[PDB]
file query_30.cif (mmCIF, C-alpha atoms and all ligand atoms)
data_target
loop_
_atom_site.label_atom_id
_atom_site.label_comp_id
_atom_site.auth_asym_id
_atom_site.auth_seq_id
_atom_site.Cartn_x
_atom_site.Cartn_y
_atom_site.Cartn_z
CA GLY A 1 -3.77 -0.32 18.41
CA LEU A 2 -0.65 -2.49 18.34
CA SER A 3 1.53 -3.64 21.21
CA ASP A 4 5.24 -2.85 21.11
CA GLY A 5 5.85 -6.54 20.49
CA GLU A 6 3.62 -6.32 17.41
CA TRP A 7 5.27 -3.09 16.24
CA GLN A 8 8.63 -4.84 16.65
CA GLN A 9 7.37 -7.58 14.33
CA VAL A 10 6.06 -5.02 11.85
CA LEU A 11 9.38 -3.22 11.62
CA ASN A 12 11.21 -6.52 11.49
CA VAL A 13 9.15 -7.56 8.47
CA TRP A 14 9.66 -4.11 7.01
CA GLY A 15 13.41 -4.70 7.07
CA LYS A 16 12.78 -7.30 4.39
CA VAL A 17 11.00 -4.72 2.26
CA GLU A 18 13.72 -2.10 2.64
CA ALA A 19 16.42 -4.52 1.44
CA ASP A 20 14.67 -4.28 -1.93
CA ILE A 21 12.04 -1.55 -1.84
CA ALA A 22 11.67 -1.24 -5.64
CA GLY A 23 11.20 -4.98 -6.19
CA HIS A 24 8.69 -5.18 -3.38
CA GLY A 25 6.85 -2.05 -4.56
CA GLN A 26 6.71 -3.36 -8.09
CA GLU A 27 5.20 -6.71 -7.10
CA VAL A 28 2.66 -5.08 -4.80
CA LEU A 29 1.34 -2.84 -7.58
CA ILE A 30 1.35 -5.72 -10.04
CA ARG A 31 -0.64 -7.90 -7.61
CA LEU A 32 -3.12 -5.02 -7.15
CA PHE A 33 -3.55 -4.29 -10.85
CA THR A 34 -3.82 -7.92 -11.93
CA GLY A 35 -6.01 -8.92 -9.00
CA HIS A 36 -8.29 -5.90 -9.34
CA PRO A 37 -8.15 -4.43 -12.89
CA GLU A 38 -10.53 -1.60 -12.03
CA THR A 39 -7.74 -0.12 -9.86
CA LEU A 40 -5.55 0.32 -12.92
CA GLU A 41 -8.14 2.80 -14.24
CA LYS A 42 -7.34 5.23 -11.42
CA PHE A 43 -3.83 5.76 -12.85
CA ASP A 44 -3.71 7.83 -16.01
CA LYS A 45 -0.04 6.92 -16.36
CA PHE A 46 -0.48 3.15 -16.04
CA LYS A 47 -3.83 2.56 -17.73
CA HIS A 48 -1.91 1.82 -20.96
CA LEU A 49 -0.46 -1.32 -19.40
CA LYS A 50 -2.70 -4.05 -20.77
CA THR A 51 -0.39 -6.95 -19.89
CA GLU A 52 1.53 -8.07 -16.84
CA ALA A 53 4.73 -8.30 -18.92
CA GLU A 54 4.35 -4.62 -19.73
CA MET A 55 3.81 -4.00 -16.03
CA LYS A 56 6.96 -5.98 -15.19
CA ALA A 57 8.98 -4.05 -17.77
CA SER A 58 7.78 -0.64 -16.60
CA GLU A 59 10.47 1.35 -14.79
CA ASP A 60 7.89 4.03 -13.98
CA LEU A 61 5.71 1.46 -12.25
CA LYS A 62 8.74 0.37 -10.25
CA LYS A 63 9.44 4.01 -9.53
CA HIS A 64 5.88 4.55 -8.27
CA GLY A 65 6.18 1.34 -6.26
CA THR A 66 9.15 2.94 -4.54
CA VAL A 67 7.21 6.14 -3.80
CA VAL A 68 4.27 4.23 -2.37
CA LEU A 69 6.29 1.94 -0.12
CA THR A 70 8.60 4.75 0.96
CA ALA A 71 5.53 6.62 2.12
CA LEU A 72 4.02 3.55 3.81
CA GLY A 73 7.33 2.79 5.49
CA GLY A 74 7.64 6.30 6.86
CA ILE A 75 4.13 5.91 8.26
CA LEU A 76 4.80 2.45 9.78
CA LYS A 77 7.98 3.72 11.43
CA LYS A 78 5.81 6.16 13.38
CA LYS A 79 4.18 3.21 15.15
CA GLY A 80 0.69 4.67 15.04
CA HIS A 81 1.68 8.30 15.60
CA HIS A 82 1.22 9.19 11.98
CA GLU A 83 -1.41 11.94 11.89
CA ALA A 84 0.88 14.42 10.11
CA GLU A 85 2.07 11.88 7.56
CA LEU A 86 -1.32 10.33 6.92
CA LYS A 87 -3.57 13.38 6.57
CA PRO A 88 -2.11 14.67 3.28
CA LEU A 89 -2.30 11.15 1.82
CA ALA A 90 -5.91 10.80 2.91
CA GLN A 91 -6.67 14.18 1.42
CA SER A 92 -4.98 13.64 -1.93
CA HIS A 93 -6.50 10.20 -2.28
CA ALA A 94 -10.05 11.30 -1.47
CA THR A 95 -10.05 14.67 -3.24
CA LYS A 96 -7.63 14.35 -6.14
CA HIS A 97 -7.15 10.66 -6.91
CA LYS A 98 -10.65 9.65 -5.78
CA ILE A 99 -9.56 6.26 -4.42
CA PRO A 100 -12.36 4.43 -2.60
CA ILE A 101 -11.40 2.82 0.67
CA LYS A 102 -12.13 -0.60 -0.86
CA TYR A 103 -8.94 -0.23 -2.93
CA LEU A 104 -6.91 0.40 0.19
CA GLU A 105 -8.25 -2.92 1.43
CA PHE A 106 -7.15 -4.48 -1.86
CA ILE A 107 -3.57 -3.19 -1.63
CA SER A 108 -3.38 -4.19 2.04
CA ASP A 109 -4.08 -7.80 1.19
CA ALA A 110 -1.72 -7.55 -1.78
CA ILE A 111 1.12 -6.60 0.57
CA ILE A 112 0.43 -9.71 2.64
CA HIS A 113 0.41 -11.81 -0.52
CA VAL A 114 3.73 -10.40 -1.78
CA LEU A 115 5.52 -10.96 1.52
CA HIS A 116 4.51 -14.63 1.51
CA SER A 117 5.48 -14.92 -2.14
CA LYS A 118 8.94 -13.37 -1.75
CA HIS A 119 9.64 -14.85 1.68
CA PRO A 120 7.95 -18.28 1.78
CA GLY A 121 8.36 -19.84 5.20
CA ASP A 122 10.02 -16.63 6.37
CA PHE A 123 6.83 -14.71 7.11
CA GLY A 124 5.47 -16.40 10.20
CA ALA A 125 1.98 -16.37 11.67
CA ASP A 126 2.90 -13.78 14.29
CA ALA A 127 4.47 -11.55 11.64
CA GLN A 128 1.39 -11.76 9.40
CA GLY A 129 -0.82 -10.91 12.35
CA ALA A 130 1.19 -7.83 13.26
CA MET A 131 1.48 -6.58 9.68
CA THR A 132 -2.24 -7.11 9.09
CA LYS A 133 -3.13 -5.13 12.20
CA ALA A 134 -0.78 -2.35 11.10
CA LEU A 135 -2.41 -2.07 7.68
CA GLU A 136 -5.86 -2.13 9.26
CA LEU A 137 -4.86 0.78 11.50
CA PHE A 138 -3.57 2.70 8.49
CA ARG A 139 -6.78 1.98 6.58
CA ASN A 140 -9.01 2.83 9.49
CA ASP A 141 -7.40 6.23 10.01
CA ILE A 142 -7.71 7.00 6.31
CA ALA A 143 -11.37 5.93 6.53
CA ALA A 144 -11.95 8.46 9.28
CA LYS A 145 -10.63 11.27 7.08
CA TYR A 146 -12.75 10.02 4.16
CA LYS A 147 -15.88 10.18 6.31
CA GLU A 148 -15.00 13.71 7.36
CA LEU A 149 -14.77 14.62 3.66
CA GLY A 150 -17.97 12.78 2.75
CA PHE A 151 -16.04 10.73 0.24
CA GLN A 152 -17.39 7.39 -0.98
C1 LIG B 201 -0.40 1.81 1.17
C2 LIG B 201 -1.22 2.49 0.37
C3 LIG B 201 -0.82 3.74 -0.45
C4 LIG B 201 0.16 4.63 -0.24
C5 LIG B 201 1.17 4.68 0.94
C6 LIG B 201 0.12 5.60 -1.30
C7 LIG B 201 0.96 6.68 -1.45
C8 LIG B 201 0.99 7.56 -2.50
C9 LIG B 201 1.88 8.70 -2.66
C10 LIG B 201 2.97 9.12 -1.64
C11 LIG B 201 1.58 9.28 -3.83
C12 LIG B 201 2.21 10.54 -4.46
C13 LIG B 201 1.80 11.76 -3.61
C14 LIG B 201 0.30 11.98 -3.61
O1 LIG B 201 -0.29 12.17 -4.71
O2 LIG B 201 -0.33 12.01 -2.53
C15 LIG B 201 0.51 8.54 -4.44
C16 LIG B 201 -0.07 8.84 -5.65
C17 LIG B 201 -1.11 8.15 -6.24
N1 LIG B 201 -1.81 7.07 -5.72
FE1 LIG B 201 -1.46 6.30 -3.84
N2 LIG B 201 -0.91 5.25 -2.17
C18 LIG B 201 -1.51 4.11 -1.67
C19 LIG B 201 -2.57 3.44 -2.23
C20 LIG B 201 -3.15 3.70 -3.46
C21 LIG B 201 -4.14 2.89 -4.15
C22 LIG B 201 -4.71 1.58 -3.57
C23 LIG B 201 -4.45 3.51 -5.30
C24 LIG B 201 -5.41 3.11 -6.45
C25 LIG B 201 -5.93 1.89 -6.59
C26 LIG B 201 -3.64 4.70 -5.38
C27 LIG B 201 -3.68 5.61 -6.40
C28 LIG B 201 -2.81 6.65 -6.60
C29 LIG B 201 -2.79 7.49 -7.77
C30 LIG B 201 -3.74 7.40 -8.98
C31 LIG B 201 -1.67 8.49 -7.52
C32 LIG B 201 -1.19 9.61 -8.44
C33 LIG B 201 -0.17 8.94 -9.34
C34 LIG B 201 0.36 9.91 -10.36
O3 LIG B 201 -0.43 10.36 -11.22
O4 LIG B 201 1.57 10.23 -10.30
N3 LIG B 201 -2.88 4.80 -4.24
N4 LIG B 201 0.17 7.51 -3.60
#
call {"tool": "encode", "arguments": {"input": "query_30.cif", "output": "structure tokens"}}
result
Amino acid sequence: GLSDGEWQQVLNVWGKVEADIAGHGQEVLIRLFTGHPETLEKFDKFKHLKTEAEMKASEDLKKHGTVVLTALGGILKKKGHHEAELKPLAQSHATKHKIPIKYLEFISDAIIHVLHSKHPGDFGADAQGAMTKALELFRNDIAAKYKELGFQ
């Protein structure tokens, strides 16, 4: 549950991401994979990437970064009213991709990390707070659908 003030901050921060969605998406996935190597194993099309340089050079990783952040952005722009958008993601990630909720926590923190890295001094305390709450909301609603499905 975010206030409109907090949503305003979220979408303001998101404007930074949309100015370069591929570059942001790329660094988020790289931060995830290098921070938490077990996550790489969930991607049959990235598990070949043994080094970060290979990750950096991968146009398909950048492409997937775009898909992921485009989806997240569409969800954030709903300001919490995202049941329709979120349910198919929850379902594919529990039933097909088999992504534990822990990894959604991982990528949440990775987003925070990347924003600070790309916008040092331009991602204030209030902005971080709002974005964090937004990602928690996202995660919590996915977690509800996981429980429904009995997925661990
Ligand atoms: C903000 C969080 C995330 C968003 C918005 C997101 C979104 C998406 C979307 C839109 C797709 C393609 C459509 C689909 O299969 O449902 C996808 C595919 C996929 N995602 Fe996620 N995802 C997120 C987090 C994660 C995480 C943390 C992992 C694993 C650590 C993951 C693993 C995968 C895999 C393995 C695929 C299939 C890739 C392929 O084979 O083409 N996702 N994701």
call {"tool": "residues_around", "arguments": {"input": "query_30.cif", "residues": "residue 106 in chain A", "least_positions_apart": "2", "cutoff": "10 Å", "atoms": "only C-alpha atoms", "output": "list in words"}}
result
residues 31, 32, 33, 35, 36, 39, 101, 102, 103, 104, 108, 109, 110 and 111 of chain A
call {"tool": "residues_near_ligand", "arguments": {"input": "query_30.cif", "ligand": "ligand LIG 201 (chain B)", "cutoff": "9 Å", "atoms": "all atoms listed in the file", "output": "MDAnalysis selection string"}}
result
chainID A and resid 29 32:33 36 38:46 64:65 67:75 86 88:93 96:108 111 135 138:139
call {"tool": "closest_residue", "arguments": {"input": "query_30.cif", "among": "A:133, A:147, A:50, A:56", "to": "residue 79 in chain A", "atoms": "only C-alpha atoms"}}
result
A:133
call {"tool": "atom_distance", "arguments": {"input": "query_30.cif", "atom1": "CA of residue 126 in chain A", "atom2": "CA of residue 18 in chain A"}}
result
19.7 Å
call {"tool": "atom_distance", "arguments": {"input": "query_30.cif", "atom1": "CA of residue 145 in chain A", "atom2": "CA of residue 9 in chain A"}}
result
27.1 Å
call {"tool": "closest_residue", "arguments": {"input": "query_30.cif", "among": "A:24, A:87, A:47, A:82", "to": "residue 62 in chain A", "atoms": "only C-alpha atoms"}}
result
A:24
call {"tool": "closest_residue", "arguments": {"input": "query_30.cif", "among": "A:123, A:53, A:63, A:37", "to": "residue 25 in chain A", "atoms": "only C-alpha atoms"}}
result
A:63
call {"tool": "residues_around", "arguments": {"input": "query_30.cif", "residues": "residue 13 in chain A", "least_positions_apart": "3", "cutoff": "8 Å", "atoms": "only C-alpha atoms", "output": "number ranges by chain"}}
result
A: 9-10, 16-17, 123, 127, 131
call {"tool": "atom_distance", "arguments": {"input": "query_30.cif", "atom1": "CA of residue 128 in chain A", "atom2": "CA of residue 11 in chain A"}}
result
11.9 Å
call {"tool": "closest_residue", "arguments": {"input": "query_30.cif", "among": "A:77, A:95, A:137, A:57", "to": "residue 23 in chain A", "atoms": "only C-alpha atoms"}}
result
A:57
call {"tool": "closest_residue", "arguments": {"input": "query_30.cif", "among": "A:115, A:22, A:30, A:94", "to": "residue 49 in chain A", "atoms": "all atoms listed in the file"}}
result
A:30
call {"tool": "closest_residue", "arguments": {"input": "query_30.cif", "among": "A:136, A:122, A:52, A:141", "to": "residue 84 in chain A", "atoms": "all atoms listed in the file"}}
result
A:141
call {"tool": "build_atoms", "arguments": {"input": "query_30.cif", "residues": "range 107-128 of chain A", "atoms": "N, CA and C atoms", "output": "compact mmCIF listing (two decimals), keeping the file's coordinate frame"}}
result
# COMPACT_ATOMS: atom_id res chain seq x y z
N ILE A 107 -5.04 -3.26 -1.61
CA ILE A 107 -3.57 -3.19 -1.63
C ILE A 107 -3.00 -3.72 -0.32
N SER A 108 -3.77 -3.62 0.76
CA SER A 108 -3.38 -4.19 2.04
C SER A 108 -3.19 -5.69 1.90
N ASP A 109 -4.20 -6.36 1.37
CA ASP A 109 -4.08 -7.80 1.19
C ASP A 109 -2.98 -8.16 0.20
N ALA A 110 -2.74 -7.29 -0.78
CA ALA A 110 -1.72 -7.55 -1.78
C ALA A 110 -0.32 -7.53 -1.14
N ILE A 111 -0.13 -6.65 -0.17
CA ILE A 111 1.12 -6.60 0.57
C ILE A 111 1.37 -7.92 1.31
N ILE A 112 0.33 -8.43 1.96
CA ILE A 112 0.43 -9.71 2.64
C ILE A 112 0.80 -10.82 1.66
N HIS A 113 0.14 -10.81 0.51
CA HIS A 113 0.41 -11.81 -0.52
C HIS A 113 1.86 -11.78 -1.01
N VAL A 114 2.36 -10.58 -1.27
CA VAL A 114 3.73 -10.40 -1.78
C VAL A 114 4.80 -10.81 -0.77
N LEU A 115 4.58 -10.52 0.50
CA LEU A 115 5.52 -10.96 1.52
C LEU A 115 5.61 -12.48 1.58
N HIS A 116 4.47 -13.17 1.54
CA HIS A 116 4.51 -14.63 1.51
C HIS A 116 5.19 -15.15 0.25
N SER A 117 4.95 -14.46 -0.87
CA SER A 117 5.48 -14.92 -2.14
C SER A 117 7.00 -14.77 -2.20
N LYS A 118 7.50 -13.66 -1.68
CA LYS A 118 8.94 -13.37 -1.75
C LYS A 118 9.72 -13.98 -0.59
N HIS A 119 9.00 -14.29 0.49
CA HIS A 119 9.64 -14.85 1.68
C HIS A 119 8.91 -16.08 2.22
N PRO A 120 8.72 -17.11 1.36
CA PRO A 120 7.95 -18.28 1.78
C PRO A 120 8.59 -18.96 2.97
N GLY A 121 7.82 -19.17 4.03
CA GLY A 121 8.36 -19.84 5.20
C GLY A 121 9.14 -18.89 6.08
N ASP A 122 9.29 -17.65 5.63
CA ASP A 122 10.02 -16.63 6.37
C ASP A 122 9.10 -15.51 6.85
N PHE A 123 7.80 -15.71 6.70
CA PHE A 123 6.83 -14.71 7.11
C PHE A 123 5.85 -15.42 8.01
N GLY A 124 6.22 -15.58 9.27
CA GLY A 124 5.47 -16.40 10.20
C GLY A 124 4.09 -15.87 10.55
N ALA A 125 3.35 -16.69 11.29
CA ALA A 125 1.98 -16.37 11.67
C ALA A 125 1.93 -15.11 12.51
N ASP A 126 2.90 -14.94 13.40
CA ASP A 126 2.90 -13.78 14.29
C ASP A 126 3.20 -12.52 13.48
N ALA A 127 4.11 -12.66 12.52
CA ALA A 127 4.47 -11.55 11.64
C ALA A 127 3.28 -11.10 10.78
N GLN A 128 2.56 -12.07 10.22
CA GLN A 128 1.39 -11.76 9.40
C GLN A 128 0.36 -11.04 10.25
